[PDB]
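K.L.:
Got a structure for you, questions after.
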Amino acid sequence: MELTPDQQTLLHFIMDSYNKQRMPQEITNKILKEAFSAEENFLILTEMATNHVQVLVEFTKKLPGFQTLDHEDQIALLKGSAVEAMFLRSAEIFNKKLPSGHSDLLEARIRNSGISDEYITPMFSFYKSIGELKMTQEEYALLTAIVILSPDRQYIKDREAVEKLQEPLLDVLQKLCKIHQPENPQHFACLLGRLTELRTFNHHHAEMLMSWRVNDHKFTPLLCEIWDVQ
Amino acid sequence: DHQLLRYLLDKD
Ligand SMILES: O=C(NC1CCCCC1)[C@H](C1CCCCC1)n1c(-c2ccc(Cl)cc2)nc2ccccc21
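See the structure below:
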């Protein structure tokens, strides 16, 4: 019923690794501070996204069991979840408590960041869907780990090995949901349901970036490998 | 070839 000693160890351990990320305040601070041109915004995105991938790799490598996976599967897992993890982290930052009105400003800044209207709709649709879940810090971290250790990812040769690693994280997440939100016996399933919506950002991610309202679309060497651009 | 990713996954 309650978390075992081992499950608390895993949770805290995963929480420690997740905290190594760039703090939410840092992101929202710069966005709210001053309106940037679509040019400056695109450059902010690439630098933010490059840092996020670097930290994501270090986070992934510390996930219990990931080191014993086939080297090519390791690559396949990171390459397949990098974009989803980035939008999930954006969702967390977007729905974080800010002073009155600020949330409207942040949303307005992003809406006019230079991103194509074509993609502004689904992105905010997902962001809002996430906010309605009243997720905790531990939930975001677990969900991100679950996203990374997805066995049903492409090019994965040994899916059973990945499954074994994802199971314990799901069990912990499930217990958390049944505790932090006893009133909603659908919270856990609803968290898992957002992951499918999260996957839709994969197919038209490159188009989303290339359609940025700027003249030049330059990315970092690391982003070129992880994303499908340039 | 994903050599940057491969590097980060090996010796940082
Ligand atoms: O810095 C950002 N993301 C970081 C990615 C890496 C993880 C940290 C967050 C940008 C930021 C928006 C404004 C224009 C500059 C770029 N950002 C996005 C976002 C918009 C479009 C794409 Cl294609 C991807 C993400 N959603 C956000 C919600 C809240 C705050 C910032 C958010």
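Quick note, the sequences are listed as chains G and C, same order. Heads up, the first sequence is in this note's numbering, so the first residue is 10 and it goes up one at a time. Heads up, the second sequence is in this note's numbering, so the first residue is 8 and it goes up one at a time. Virtual Cβ for every residue (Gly too), placed ideally from N, Cα, C.
Beta carbons nearer than 9 angstroms to chain C: which residues of the region 216 to 231 of chain G have them?
P.N.:
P230 and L231
K.L.:
Quick check: what's the CA-CA separation for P160 of chain G versus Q83 of chain G?
P.N.:
Our two residues, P160 of chain G and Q83 of chain G, have alpha carbons roughly 11 angstroms apart in a direct line.
K.L.:
So, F103 of chain G versus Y136 of chain G, is the Cβ gap smaller than 8 angstroms?
P.N.:
yes
K.L.:
Should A170 of chain G and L78 of chain G be called a contact, given that it needs their Cβ atoms to be closer than 8 angstroms?
P.N.:
yes
K.L.:
For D180 of chain G and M24 of chain G, I'd like the C-alpha separation in whole angstroms.
P.N.:
Counting only the Cα atoms, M24 of chain G lies some 16 angstroms from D180 of chain G.
K.L.:
So, do the region 184 to 203 of chain G and the region 142 to 150 of chain G have three or more beta carbon pairs nearer to each other than 8 angstroms?
P.N.:
Enough Cβ pairs lie closer than 8 angstroms, so yes.
K.L.:
Could you spell out the range, first to last residue, of the alpha helix (DSSP H) harbouring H61 of chain G?
P.N.:
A47 to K70
K.L.:
Report yes if the CB atom of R98 of chain G is closer than 8 angstroms to the CB atom of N60 of chain G, and no otherwise.
P.N.:
Not a contact, by the Cβ cut-off of 8 angstroms.
K.L.:
Cβ of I40 of chain G within 8 angstroms of Cβ of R118 of chain G?
P.N.:
yes
K.L.:
Ignore the nearest five residues each way along the sequence and tell me which others in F51 of chain G's own chain have a CB closer than 7 angstroms to its CB.
P.N.:
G123, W221 and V223
K.L.:
Could you tell me the distance, in whole angstroms, from the CA atom of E148 of chain G to the CA atom of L185 of chain G?
P.N.:
Distance between the alpha carbons of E148 of chain G and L185 of chain G is about 8 angstroms.
K.L.:
Cβ of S125 of chain G versus every heavy atom of ligand 1: is any distance shorter than 7 angstroms?
P.N.:
no
K.L.:
Is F103 of chain G near ligand 1, in the sense that its beta carbon is under 7 angstroms from a heavy atom of that ligand?
P.N.:
yes
K.L.:
Quick check on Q190 of chain G: does DSSP put it in helix, strand or coil?
P.N.:
Note: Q190 of chain G maps to coil in three-state DSSP.
K.L.:
Distance check for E192 of chain G and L15 of chain C, CA to CA, integer angstroms please.
P.N.:
43 angstroms
K.L.:
Name the chain B residues whose beta carbon is nearer than 9 angstroms to that of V66 of chain G?
P.N.:
As a matter of chain content, chain B is missing from the structure shown, whose protein chains are G and C.
K.L.:
Less than 8 angstroms between CB atoms is the rule here; does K70 of chain G satisfy it with respect to chain C?
P.N.:
yes
K.L.:
Chain C partners of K88 of chain G, CB-CB under 8 angstroms?
P.N.:
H9 and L12
K.L.:
Answer yes or no: the CB of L231 of chain G versus the heavy atoms of ligand 3, is any distance below 7 angstroms?
P.N.:
Among the ligands modelled here, namely ligand 1, ligand 3 does not occur.
K.L.:
Among residues of its own chain, excluding the 5 on either side of residue 250 of chain G, which ones have a beta-carbon nearer than 6 angstroms to its beta-carbon?
P.N.:
Shown here, chain G extends from 10 to 239; a query on residue 250 of chain G therefore has no answer.
K.L.:
Does the beta-carbon distance from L207 of chain G to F96 of chain G come in below 8 angstroms?
P.N.:
With a cutoff of 8 angstroms on beta-carbon distance, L207 of chain G and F96 of chain G are scored as near each other.
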